[PDB]
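Engineer: For reference, the structure I am asking about is given below.
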Amino acid sequence: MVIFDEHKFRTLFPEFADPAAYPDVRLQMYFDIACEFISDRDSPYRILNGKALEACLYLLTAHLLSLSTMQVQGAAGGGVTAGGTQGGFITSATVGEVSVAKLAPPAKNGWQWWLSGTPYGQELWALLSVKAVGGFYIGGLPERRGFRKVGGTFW
Amino acid sequence: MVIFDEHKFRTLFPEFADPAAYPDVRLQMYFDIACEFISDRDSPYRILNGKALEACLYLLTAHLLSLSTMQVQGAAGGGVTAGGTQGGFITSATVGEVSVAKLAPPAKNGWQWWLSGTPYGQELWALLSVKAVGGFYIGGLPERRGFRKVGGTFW
Amino acid sequence: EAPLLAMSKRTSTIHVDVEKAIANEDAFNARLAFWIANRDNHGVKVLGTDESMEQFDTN
Amino acid sequence: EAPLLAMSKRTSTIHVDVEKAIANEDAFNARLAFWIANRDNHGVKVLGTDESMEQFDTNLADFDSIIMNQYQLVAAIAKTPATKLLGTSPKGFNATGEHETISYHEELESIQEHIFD
Amino acid sequence: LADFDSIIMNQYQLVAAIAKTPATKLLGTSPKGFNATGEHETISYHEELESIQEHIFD
Amino acid sequence: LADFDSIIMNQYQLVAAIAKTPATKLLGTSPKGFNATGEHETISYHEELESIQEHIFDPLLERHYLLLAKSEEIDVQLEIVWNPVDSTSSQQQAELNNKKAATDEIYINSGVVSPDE
Amino acid sequence: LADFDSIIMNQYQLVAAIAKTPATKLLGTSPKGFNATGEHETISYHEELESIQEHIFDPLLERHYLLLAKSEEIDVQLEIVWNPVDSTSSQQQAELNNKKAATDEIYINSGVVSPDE
Amino acid sequence: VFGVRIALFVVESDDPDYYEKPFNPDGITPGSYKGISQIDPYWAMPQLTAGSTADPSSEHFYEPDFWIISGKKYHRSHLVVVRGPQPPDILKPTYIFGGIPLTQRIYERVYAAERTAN
Amino acid sequence: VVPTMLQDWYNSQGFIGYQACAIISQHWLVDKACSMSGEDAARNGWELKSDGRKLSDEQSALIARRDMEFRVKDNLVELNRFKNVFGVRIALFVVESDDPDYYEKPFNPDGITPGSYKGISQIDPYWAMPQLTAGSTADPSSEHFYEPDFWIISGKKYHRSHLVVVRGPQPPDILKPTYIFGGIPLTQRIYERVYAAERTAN
Amino acid sequence: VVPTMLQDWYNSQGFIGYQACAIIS
């Protein structure tokens, strides 16, 4: 379990600074929700250990809060439209004479696509990918330690 | 551990010169965050060692700070819009009669795609790629040192 | 010819980006010299993408 | 060349994103050192997408013919049977017989006796 | 791993060659594939090297 | 898994090599692929190693009889002779006895040894 | 499934090895691929291990005959001789008897042993 | 099994320092030979005299003249010692003046054979 | 001319040293190779004939008693074994005399003082030190050239004739001193081949 | 001279100990 405080989240994300706009209980609820996507079991053998794991959880809470404020604010004609507004990465946009076309993320999975939908989720995806190098190895015993080798090593 | 000073950072990135616009604690916090992505454990056997590792870390803090100041400034109507503004590399842009179409980076992974969003991250990615040659060889004992060879080598 | 060719029987190679190895040229060849010195059938060689290793042997 | 190459017979290689590996490079080396230490034919290795981990091995069945052909030639210069020098007949060669025993016991040894005379 | 036996039993045969002692005496039997040890090896060991050791003892 | 048997019965042959004892005695039979055990191994074990063990035993029996005979009331010292160690079958023993009887008959008829010997 | 037989019979051969009993006696026949059981294994089992078991039995029979003879009304102490254990066939037994009879005839004719022996 | 074995012929005499003098065939006191015993190496302690350690030319060099078994020190001549392949002199004390043990010769090879058969 | 690569491949088979030989001799393969060579030759024993038909039975019993007390078979087996292990073995026949400089003069069959033959000893090469005289070093034509006239074992210098020396394959003269005037050791002949065989078996 | 790797490979085969011999027997 990881305890979540308002202060670190608010200084991390200055956009989420108004308590009236973003109550404490809302942030706490989204932290309990984000605990499901990333388990907050802190262990020293985990690749996400300590401050990296807390940063990942905080980034996901920012992701969920951004989706929630998208839904509540809207806006179609002064409120929330029917079926809400969907996330996802804006590949290309055009307002007036201004047009922007951005490179698409290599989202090969629904989780990666949902993460890339928002910039906080993009940072979370980058952190997870950069920590996801190599892999694990389950099972197996030190079989080689019973056989002699060069230089009198592991006789 | 690598200590983060502000003189080197502010002379290296002149756009981050104003303390009022970019406080001390903000830069320190983003350095602590960047330590999570790139481990600052300095060793003489690492591929990233000394000044290369320090430059990599500083470039990552510049990347994070640029994204955060983009979030804070916005701007939609004088503030931050709902859900923030996403990063990524602008492949093509068009303003008025002017149009630009840039080459897309070979972003085969979410970490690389997120790095390509800002030029600080682009420089960091370039440094990582130019340092990534060959690889590592973990395990394996000098078995060849017990067998005689040409010219009386390693009898 | 059979002993002399048997000396150069196996010709394992590696396809590393030479234009990037050029920039360092000392850490890279030091690392590969360490690999060749400690070559064994239990150690594993990490090598990035766009690298193919590949090996030939003679009959 | 057969023992020394047999030492480096198998040359398994793993395709890890090295530019990601350098970023930490301590936990990565620790994890793979743990794998190499507890390598076994029952444990399973997890490695992400865009990762191959190919394996190469060498064929050493033809070294014995070369070795025993050269030792047989050593006996050929020495004018002494390979049974006497190498301790036995070399690989695949016909078992030593009456012809070789009369070629060694009678010919060369009588030459050595006339040298001693 | 079918080709390791040839290497092992060639190197042990070479050990016997150095020792001037039959592989039957050293290794306990003739090595892999090699022709069964016979009258030639018995007269090469029992008569030659042991007479050498005897004139050393003399 | 076809290549495991060769390794197994190479290592058991090596164990026999350490023990200086035939794989027929230790493993119960000759190992896989190896030439069938013969007169060479039979004389290498039955005649050589048993003789080594017997000359190791000889100090023990010598001192035991020195401290048995001389300690008790005797008149003449003692000496030990070792039985042959071949453990050959009944038919081979009968053939051995018949050949020795033929030698005895030849010697007696030629007038070398008396039937008392 | 072609390679399972080698594993199964390699393990049964090791069971026989630990039991110090031939695989012909335990498994009922020689295992897969192994050389046919021969004179070496028959002398290794019939003569060695069974003589060990007979010398293990000897304290039991010796104390039994002590406590039988001396306890009952007897005059002379007792000793035990062990029958040969080869269990050879009837043809082989007849050949054995014929060869022994030839030895007897040779010795009697040469005047070594009387027909009473 | 071990590197060396010691066989001690137990015999009774009036002198409590009997196992101190070199063994003599005349010191019998008839009807005294009670039997023999075999003593494991860890129950014994070889002791080397200065005369048996100072002179390489001596035929008893690095040959334990006494063996402390249970407090008392039995002389070399009184007991019969059987030893292994007799390692060279410079590392003879490293084997406690015994021999090279067949367990040392085959504890790794036996393990390898069993695990491969396993 | 011999090439440089072949020349320094052959030159590298130098004398490893007595300490290295003793350390390597612990291995089973080299021990067995040095052991079951002269031991099998010594197994069958010998017989004594003399000028006469048969030695008198009391003399034969005395000879058997003295041989058992001197453990001749074990000594000669160990002699061959360690002669194979090291390059050279020295056997010194211990005998008592009044003169404290007895082991200085050349050995004489008359200098007995009967009832003085106490036994034999075998001296390892590192416990000895060969000593060469100017007459045994100056003249290549001399039949004792590069043959140690004396052997310092424990301070005193035993003469060559007093002791029996068994040596290996007798290396050539220019590098005979490099072997301490001994022989080529079978441990030096098989410490690499044995390692290769055992590692391949491993 | 003997190499370091062959030298300590041969030197590692020291006396295991009487307790080790008994427990392995």
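Identifiers for the structure tokens are assigned positionally: chains receive A, B, ... in sequence, residues are indexed from 1 per chain, and ligands are indexed from 1 in the order shown.
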Near residue 8 (chain G), within 12 Å and counting only C-alpha atoms, which residues show up once chain neighbours fewer than 6 positions away are dropped, as a ChimeraX atom specification?

Structural biologist: /F:1-2,5 /G:1-2,14-15,27,31-33 /H:117-118

Engineer: Output N, CA and C atoms for every residue in the selection just made, as a compact mmCIF listing (two decimals), in the first residue's frame.

Structural biologist:
# COMPACT_ATOMS: atom_id res chain seq x y z
N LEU F 1 15.55 -36.24 -26.51
CA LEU F 1 16.27 -36.83 -25.39
C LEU F 1 17.14 -38.01 -25.79
N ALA F 2 17.36 -38.22 -27.09
CA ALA F 2 18.13 -39.37 -27.54
C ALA F 2 19.61 -39.27 -27.20
N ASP F 5 21.63 -40.54 -23.15
CA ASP F 5 22.18 -41.85 -22.78
C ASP F 5 23.69 -41.90 -22.97
N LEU G 1 7.56 -40.59 -29.55
CA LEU G 1 7.79 -41.37 -28.34
C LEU G 1 8.88 -42.42 -28.52
N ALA G 2 9.71 -42.28 -29.55
CA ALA G 2 10.71 -43.30 -29.84
C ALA G 2 11.84 -43.31 -28.80
N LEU G 14 20.20 -48.96 -14.00
CA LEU G 14 20.75 -48.37 -12.78
C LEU G 14 20.15 -48.99 -11.53
N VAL G 15 18.87 -49.37 -11.58
CA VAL G 15 18.27 -50.11 -10.47
C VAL G 15 19.02 -51.41 -10.25
N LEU G 27 15.11 -57.48 -14.24
CA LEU G 27 14.22 -57.11 -15.33
C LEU G 27 13.75 -58.31 -16.14
N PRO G 31 18.56 -55.13 -20.77
CA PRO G 31 17.78 -53.98 -21.23
C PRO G 31 18.05 -53.61 -22.69
N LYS G 32 17.39 -52.55 -23.16
CA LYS G 32 17.48 -52.15 -24.56
C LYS G 32 18.90 -51.78 -24.97
N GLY G 33 19.36 -52.39 -26.06
CA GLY G 33 20.62 -52.00 -26.67
C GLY G 33 21.87 -52.51 -25.99
N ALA H 117 22.39 -39.01 -15.20
CA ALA H 117 21.46 -40.13 -15.22
C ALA H 117 20.11 -39.77 -14.63
N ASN H 118 20.03 -38.64 -13.94
CA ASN H 118 18.88 -38.20 -13.19
C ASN H 118 18.01 -37.22 -13.97

Engineer: When you look at region 2-18 of chain D with a cut-off of 7 Å (counting only C-alpha atoms), what residues show up, excluding the ones that are within fewer than 4 positions of it in the same chain? I need them as an mmCIF file with N, CA and C atoms, in the first residue's frame.

Structural biologist:
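Final output, out_32.cif:
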data_model
loop_
_atom_site.group_PDB
_atom_site.id
_atom_site.type_symbol
_atom_site.label_atom_id
_atom_site.label_comp_id
_atom_site.auth_asym_id
_atom_site.auth_seq_id
_atom_site.Cartn_x
_atom_site.Cartn_y
_atom_site.Cartn_z
ATOM 1 N N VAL A 133 12.785 -3.379 -19.777
ATOM 2 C CA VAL A 133 13.898 -3.833 -20.598
ATOM 3 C C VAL A 133 14.451 -5.114 -19.988
ATOM 4 N N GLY A 134 14.711 -6.104 -20.836
ATOM 5 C CA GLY A 134 15.177 -7.390 -20.360
ATOM 6 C C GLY A 134 14.044 -8.362 -20.108
ATOM 7 N N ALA B 132 24.458 3.475 -27.703
ATOM 8 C CA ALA B 132 23.993 2.090 -27.807
ATOM 9 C C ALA B 132 24.634 1.431 -29.022
ATOM 10 N N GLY B 135 26.750 -4.056 -27.124
ATOM 11 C CA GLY B 135 25.933 -4.543 -26.035
ATOM 12 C C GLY B 135 26.765 -5.057 -24.885
ATOM 13 N N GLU B 143 37.122 -19.662 -20.447
ATOM 14 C CA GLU B 143 37.426 -21.059 -20.736
ATOM 15 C C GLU B 143 38.637 -21.199 -21.644
ATOM 16 N N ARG B 144 38.863 -20.227 -22.527
ATOM 17 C CA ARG B 144 39.965 -20.315 -23.474
ATOM 18 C C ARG B 144 41.327 -20.142 -22.821
ATOM 19 N N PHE B 147 43.629 -23.504 -22.433
ATOM 20 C CA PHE B 147 43.983 -24.311 -23.593
ATOM 21 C C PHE B 147 45.108 -23.619 -24.342
ATOM 22 N N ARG C 39 34.341 -15.710 -23.595
ATOM 23 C CA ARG C 39 33.365 -16.503 -24.338
ATOM 24 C C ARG C 39 33.179 -17.884 -23.719
ATOM 25 N N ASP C 40 31.920 -18.293 -23.596
ATOM 26 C CA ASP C 40 31.542 -19.539 -22.945
ATOM 27 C C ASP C 40 30.160 -19.907 -23.468
ATOM 28 N N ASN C 41 29.779 -21.175 -23.284
ATOM 29 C CA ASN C 41 28.465 -21.649 -23.702
ATOM 30 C C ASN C 41 27.409 -21.527 -22.607
ATOM 31 N N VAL C 44 25.446 -15.104 -22.066
ATOM 32 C CA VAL C 44 24.535 -14.633 -23.099
ATOM 33 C C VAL C 44 25.004 -13.260 -23.563
ATOM 34 N N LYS C 45 24.909 -13.024 -24.867
ATOM 35 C CA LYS C 45 25.360 -11.780 -25.476
ATOM 36 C C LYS C 45 24.144 -10.902 -25.745
ATOM 37 N N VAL C 46 24.089 -9.753 -25.084
ATOM 38 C CA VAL C 46 23.053 -8.767 -25.363
ATOM 39 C C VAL C 46 23.496 -7.933 -26.555
ATOM 40 N N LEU C 47 22.625 -7.812 -27.552
ATOM 41 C CA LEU C 47 22.910 -6.966 -28.700
ATOM 42 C C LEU C 47 21.597 -6.374 -29.187
ATOM 43 N N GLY C 48 21.634 -5.095 -29.540
ATOM 44 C CA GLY C 48 20.422 -4.349 -29.822
ATOM 45 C C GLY C 48 19.699 -4.828 -31.063
ATOM 46 N N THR C 49 18.551 -4.204 -31.299
ATOM 47 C CA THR C 49 17.818 -4.437 -32.529
ATOM 48 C C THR C 49 18.597 -3.879 -33.716
ATOM 49 N N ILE D 22 20.792 0.743 -21.404
ATOM 50 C CA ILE D 22 21.789 1.669 -20.866
ATOM 51 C C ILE D 22 21.180 2.593 -19.816
ATOM 52 N N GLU D 51 11.820 -8.799 -29.355
ATOM 53 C CA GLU D 51 12.944 -9.492 -28.734
ATOM 54 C C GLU D 51 12.976 -10.907 -29.291
ATOM 55 N N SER D 52 14.142 -11.351 -29.760
ATOM 56 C CA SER D 52 14.241 -12.633 -30.451
ATOM 57 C C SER D 52 14.900 -13.725 -29.615
ATOM 58 N N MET D 53 16.113 -13.474 -29.115
ATOM 59 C CA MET D 53 16.933 -14.444 -28.383
ATOM 60 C C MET D 53 17.190 -15.699 -29.225
ATOM 61 N N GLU D 54 18.019 -15.527 -30.244
ATOM 62 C CA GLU D 54 18.383 -16.667 -31.071
ATOM 63 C C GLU D 54 19.551 -17.426 -30.446
ATOM 64 N N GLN D 55 19.850 -18.593 -31.013
ATOM 65 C CA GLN D 55 20.885 -19.455 -30.464
ATOM 66 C C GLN D 55 21.618 -20.147 -31.602
ATOM 67 N N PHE D 56 22.941 -20.230 -31.481
ATOM 68 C CA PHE D 56 23.786 -20.869 -32.477
ATOM 69 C C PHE D 56 24.626 -21.940 -31.801
ATOM 70 N N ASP D 57 24.949 -22.987 -32.553
ATOM 71 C CA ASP D 57 25.809 -24.053 -32.062
ATOM 72 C C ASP D 57 26.701 -24.555 -33.188
ATOM 73 N N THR D 58 27.838 -25.128 -32.807
ATOM 74 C CA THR D 58 28.853 -25.566 -33.752
ATOM 75 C C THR D 58 28.849 -27.086 -33.871
ATOM 76 N N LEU D 60 31.050 -30.379 -34.373
ATOM 77 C CA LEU D 60 32.422 -30.786 -34.091
ATOM 78 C C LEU D 60 32.665 -32.258 -34.398
ATOM 79 N N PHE D 63 36.171 -33.211 -36.397
ATOM 80 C CA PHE D 63 37.509 -32.916 -35.895
ATOM 81 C C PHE D 63 38.319 -34.177 -35.624
ATOM 82 N N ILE E 7 34.863 -36.144 -28.689
ATOM 83 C CA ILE E 7 35.915 -35.268 -28.180
ATOM 84 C C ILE E 7 36.482 -35.819 -26.877
ATOM 85 N N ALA I 196 42.399 -30.743 -20.441
ATOM 86 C CA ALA I 196 41.491 -30.685 -21.584
ATOM 87 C C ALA I 196 40.504 -31.843 -21.559
ATOM 88 N N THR I 200 36.465 -31.309 -20.992
ATOM 89 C CA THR I 200 35.510 -31.805 -21.979
ATOM 90 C C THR I 200 34.547 -32.807 -21.363
#

Engineer: List the neighbours of residue 110 (chain G) out to 10 Å using only C-alpha atoms; skip same-chain residues closer than 6 positions along the sequence, and give me the result as a PDB file with C-alpha atoms, in the first residue's frame.

Structural biologist:
ATOM      1  CA  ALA F 101      45.840 -83.867 -14.218  1.00  0.00           C
ATOM      2  CA  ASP F 104      50.642 -84.639 -13.603  1.00  0.00           C
ATOM      3  CA  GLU F 105      50.259 -87.837 -15.633  1.00  0.00           C
ATOM      4  CA  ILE F 106      52.841 -86.693 -18.199  1.00  0.00           C
ATOM      5  CA  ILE F 108      54.851 -88.986 -13.524  1.00  0.00           C
ATOM      6  CA  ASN F 109      55.095 -91.157 -16.648  1.00  0.00           C
ATOM      7  CA  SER F 114      56.265 -88.858  -7.861  1.00  0.00           C
ATOM      8  CA  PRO F 115      52.501 -89.265  -7.319  1.00  0.00           C
TER       9      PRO F 115
ATOM     10  CA  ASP G 104      39.483 -89.526 -11.649  1.00  0.00           C
TER      11      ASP G 104
END

Engineer: Report as number ranges by chain all protein, DNA and RNA residues lying within 6 Å of residue 10 (chain C), evaluated on only C-alpha atoms, omitting residues in the same chain fewer than 2 positions from it.

Structural biologist: C: 8, 56-57

Engineer: Export N, CA, C and O atoms of the chosen residues as a PDB file, in the first residue's frame?

Structural biologist:
ATOM      1  N   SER C   8      40.334 -22.033 -38.886  1.00  0.00           N
ATOM      2  CA  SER C   8      39.292 -21.069 -39.242  1.00  0.00           C
ATOM      3  C   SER C   8      38.040 -21.788 -39.744  1.00  0.00           C
ATOM      4  O   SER C   8      37.481 -21.472 -40.791  1.00  0.00           O
ATOM      5  N   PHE C  56      28.873 -18.869 -39.459  1.00  0.00           N
ATOM      6  CA  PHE C  56      29.123 -19.864 -40.493  1.00  0.00           C
ATOM      7  C   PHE C  56      30.127 -20.888 -39.993  1.00  0.00           C
ATOM      8  O   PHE C  56      30.980 -20.585 -39.158  1.00  0.00           O
ATOM      9  N   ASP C  57      30.022 -22.105 -40.522  1.00  0.00           N
ATOM     10  CA  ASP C  57      30.987 -23.158 -40.249  1.00  0.00           C
ATOM     11  C   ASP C  57      31.266 -23.931 -41.530  1.00  0.00           C
ATOM     12  O   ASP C  57      30.422 -24.005 -42.427  1.00  0.00           O
TER      13      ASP C  57
END

Engineer: For the helix (DSSP H, G or I) assignment from backbone DSSP, which residues of chain F qualify? Please present them as a tab-separated table (two decimals) with C-alpha atoms, in the first residue's frame.

Structural biologist:
chain	number	residue	atom	x	y	z
F	4	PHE	CA	21.28	-38.14	-22.91
F	5	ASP	CA	22.18	-41.85	-22.78
F	6	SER	CA	25.62	-41.32	-24.32
F	7	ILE	CA	26.48	-38.69	-21.70
F	8	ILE	CA	25.16	-40.86	-18.85
F	9	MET	CA	27.15	-43.94	-19.77
F	10	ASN	CA	30.23	-41.86	-20.53
F	11	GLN	CA	30.14	-40.44	-17.01
F	12	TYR	CA	29.55	-43.85	-15.42
F	13	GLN	CA	32.52	-45.18	-17.40
F	14	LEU	CA	34.55	-42.29	-15.98
F	15	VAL	CA	33.42	-43.27	-12.46
F	16	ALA	CA	34.64	-46.81	-13.14
F	17	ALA	CA	37.92	-45.34	-14.40
F	18	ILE	CA	38.34	-43.53	-11.08
F	19	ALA	CA	37.46	-46.65	-9.11
F	23	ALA	CA	31.97	-51.03	-15.27
F	24	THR	CA	30.72	-54.62	-15.33
F	25	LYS	CA	31.46	-54.79	-11.60
F	26	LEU	CA	30.18	-51.32	-10.70
F	39	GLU	CA	40.18	-60.84	-21.19
F	40	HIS	CA	42.19	-57.60	-21.09
F	41	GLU	CA	39.92	-55.98	-18.50
F	42	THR	CA	39.58	-59.33	-16.71
F	43	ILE	CA	43.34	-59.62	-16.21
F	44	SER	CA	43.61	-55.88	-15.50
F	45	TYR	CA	41.21	-56.24	-12.56
F	46	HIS	CA	41.43	-59.84	-11.32
F	47	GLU	CA	45.22	-60.14	-11.58
F	48	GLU	CA	46.46	-56.59	-10.92
F	49	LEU	CA	44.25	-54.71	-8.46
F	50	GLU	CA	43.53	-57.79	-6.35
F	51	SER	CA	47.28	-58.36	-6.09
F	52	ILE	CA	47.68	-54.74	-4.93
F	53	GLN	CA	44.99	-55.28	-2.29
F	54	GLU	CA	46.67	-58.54	-1.26
F	55	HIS	CA	50.06	-56.91	-0.72
F	56	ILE	CA	48.22	-54.24	1.26
F	57	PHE	CA	46.66	-57.04	3.34
F	58	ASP	CA	50.00	-58.82	3.81
F	59	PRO	CA	51.32	-56.61	6.68
F	60	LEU	CA	48.06	-57.21	8.57
F	61	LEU	CA	48.15	-61.00	8.24
F	62	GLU	CA	51.90	-61.08	8.87
F	63	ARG	CA	51.60	-59.20	12.16
F	64	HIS	CA	48.45	-61.14	13.10
F	65	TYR	CA	50.23	-64.47	12.71
F	66	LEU	CA	53.37	-63.11	14.40
F	67	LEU	CA	51.25	-62.17	17.42
F	68	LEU	CA	49.14	-65.34	17.26
F	69	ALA	CA	51.59	-68.20	16.68
F	90	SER	CA	32.53	-74.80	-12.65
F	91	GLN	CA	33.17	-75.95	-16.24
F	92	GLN	CA	36.30	-73.83	-16.49
F	93	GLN	CA	37.42	-75.20	-13.12
F	94	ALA	CA	36.85	-78.77	-14.33
F	95	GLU	CA	38.82	-78.09	-17.51
F	96	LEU	CA	41.58	-76.56	-15.37
F	97	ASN	CA	41.64	-79.67	-13.17
F	98	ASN	CA	41.70	-81.98	-16.19
F	99	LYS	CA	44.59	-80.12	-17.80
F	100	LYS	CA	46.53	-80.13	-14.52
F	101	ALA	CA	45.84	-83.87	-14.22
F	102	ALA	CA	47.21	-84.34	-17.74
F	103	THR	CA	50.36	-82.46	-16.71
F	104	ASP	CA	50.64	-84.64	-13.60
F	105	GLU	CA	50.26	-87.84	-15.63
F	106	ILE	CA	52.84	-86.69	-18.20
F	107	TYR	CA	55.37	-85.76	-15.51
F	108	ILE	CA	54.85	-88.99	-13.52
F	109	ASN	CA	55.09	-91.16	-16.65
F	110	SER	CA	58.27	-89.36	-17.74

Engineer: Which residue, D:30, D:107, D:92, D:112, has the smallest gap to residue 35 (chain E) when you use only C-alpha atoms?

Structural biologist: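 Looking only at the distances to residue 35 (chain E), the closest residue turns out to be D:92.
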
Engineer: Neighbours of residue 42 (chain A) within 8 Å (only C-alpha atoms; same-chain residues fewer than 3 positions away dropped), as a list in words?

Structural biologist: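 Everything that qualifies: residues 1, 2, 46, 49, 50 and 53 of chain A.
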
Engineer: Please, which residues in chain J fall within 9 Å of chain H when counting only C-alpha atoms, and what is the closest atom pair and distance in Å to one decimal for each, ordered by chain then residue number, as a Markdown table?

Structural biologist:
| residue | atom | partner | partner_atom | distance |
| --- | --- | --- | --- | --- |
| J:13 | CA | H:104 | CA | 8.0 |
| J:14 | CA | H:104 | CA | 8.2 |
| J:15 | CA | H:95 | CA | 6.3 |
| J:16 | CA | H:104 | CA | 6.4 |
| J:17 | CA | H:95 | CA | 8.5 |
| J:18 | CA | H:2 | CA | 6.5 |
| J:19 | CA | H:42 | CA | 8.2 |
| J:20 | CA | H:103 | CA | 8.5 |
| J:21 | CA | H:103 | CA | 5.6 |
| J:22 | CA | H:1 | CA | 7.5 |
| J:24 | CA | H:103 | CA | 7.0 |
| J:25 | CA | H:1 | CA | 6.7 |

Engineer: Keeping only N, CA, C and O atoms, write those residues as a CSV table (one decimal), in the first residue's frame.

Structural biologist:
chain,number,residue,atom,x,y,z
J,13,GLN,N,42.0,-29.0,-6.1
J,13,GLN,CA,41.7,-30.3,-5.7
J,13,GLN,C,42.5,-30.7,-4.5
J,13,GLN,O,43.4,-31.5,-4.5
J,14,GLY,N,42.2,-30.0,-3.4
J,14,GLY,CA,42.9,-30.2,-2.1
J,14,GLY,C,42.2,-31.3,-1.3
J,14,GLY,O,41.2,-32.0,-1.8
J,15,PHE,N,42.6,-31.5,-0.1
J,15,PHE,CA,42.0,-32.5,0.8
J,15,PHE,C,40.7,-31.9,1.4
J,15,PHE,O,40.7,-30.9,2.0
J,16,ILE,N,39.6,-32.7,1.1
J,16,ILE,CA,38.3,-32.2,1.4
J,16,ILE,C,38.1,-32.3,2.9
J,16,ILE,O,37.5,-31.3,3.5
J,17,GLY,N,38.5,-33.3,3.6
J,17,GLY,CA,38.4,-33.5,5.0
J,17,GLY,C,37.7,-34.8,5.4
J,17,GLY,O,37.0,-35.4,4.6
J,18,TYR,N,38.0,-35.3,6.6
J,18,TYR,CA,37.5,-36.6,7.0
J,18,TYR,C,36.0,-36.6,7.2
J,18,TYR,O,35.3,-37.5,6.9
J,19,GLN,N,35.5,-35.5,7.7
J,19,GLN,CA,34.0,-35.3,7.9
J,19,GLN,C,33.3,-35.4,6.5
J,19,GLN,O,32.3,-36.0,6.3
J,20,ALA,N,33.9,-34.6,5.5
J,20,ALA,CA,33.4,-34.7,4.2
J,20,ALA,C,33.4,-36.1,3.6
J,20,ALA,O,32.5,-36.5,2.9
J,21,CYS,N,34.5,-36.8,3.8
J,21,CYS,CA,34.7,-38.1,3.3
J,21,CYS,C,33.6,-39.0,3.9
J,21,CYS,O,33.0,-39.8,3.2
J,22,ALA,N,33.4,-38.9,5.2
J,22,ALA,CA,32.4,-39.8,5.9
J,22,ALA,C,31.0,-39.5,5.4
J,22,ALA,O,30.2,-40.4,5.1
J,24,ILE,N,30.1,-38.2,2.5
J,24,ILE,CA,30.0,-38.5,1.1
J,24,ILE,C,29.9,-40.1,0.9
J,24,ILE,O,29.2,-40.6,0.0
J,25,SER,N,30.6,-40.8,1.8
J,25,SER,CA,30.6,-42.3,1.7
J,25,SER,C,29.2,-42.9,1.8
J,25,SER,O,29.1,-44.1,1.4

Engineer: So which residues touch residue 129 (chain A) within 9 Å, counting only C-alpha atoms, skipping near sequence neighbours fewer than 2 positions away, as a list in words?

Structural biologist: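 The residues that qualify are residues 124, 125, 126, 127, 131, 132 and 133 of chain A; 109, 110 and 111 of chain B; 20 of chain D.
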
Engineer: Contacts of region 51-58 of chain E at 10 Å or less, counting only C-alpha atoms, minus same-chain residues fewer than 4 places along, as JSON, numbers by chain?

Structural biologist: {"E": [45, 46, 47], "I": [37, 38, 39, 40, 41, 42, 76, 77, 79, 80, 165, 166, 167]}

Engineer: To one decimal place, how far is CA of residue 40 (chain B) from CA of residue 19 (chain B) in Å?

Structural biologist: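 Distance reported for this atom pair: 25.2 Å.
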
Engineer: Looking only at the backbone, which of the residues in region 46-109 of chain I does DSSP tag as strand (DSSP E), as a ChimeraX atom specification?

Structural biologist: /I:88-95

Engineer: Identify every residue of chain E that has at least one atom within 7 Å of any atom of chain D, counting only C-alpha atoms, and report the result as a PyMOL selection string.

Structural biologist: chain E and resi 3+7+16-17+20+22+34-35+41+44

Engineer: Separation of CA of residue 18 (chain A) and CA of residue 33 (chain A), in Å?

Structural biologist: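 Rounded to one decimal, the two atoms are 21.3 Å apart.
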
Engineer: Can you work out which residues from chain I touch chain H at a cut-off of 10 Å (counting only C-alpha atoms) and hand them back as a PyMOL selection string?

Structural biologist: chain I and resi 18-19+21-23+25-29+31-32+35+78+81-82+85-86+91-94+118-124+126-128+153-155+198+201-202
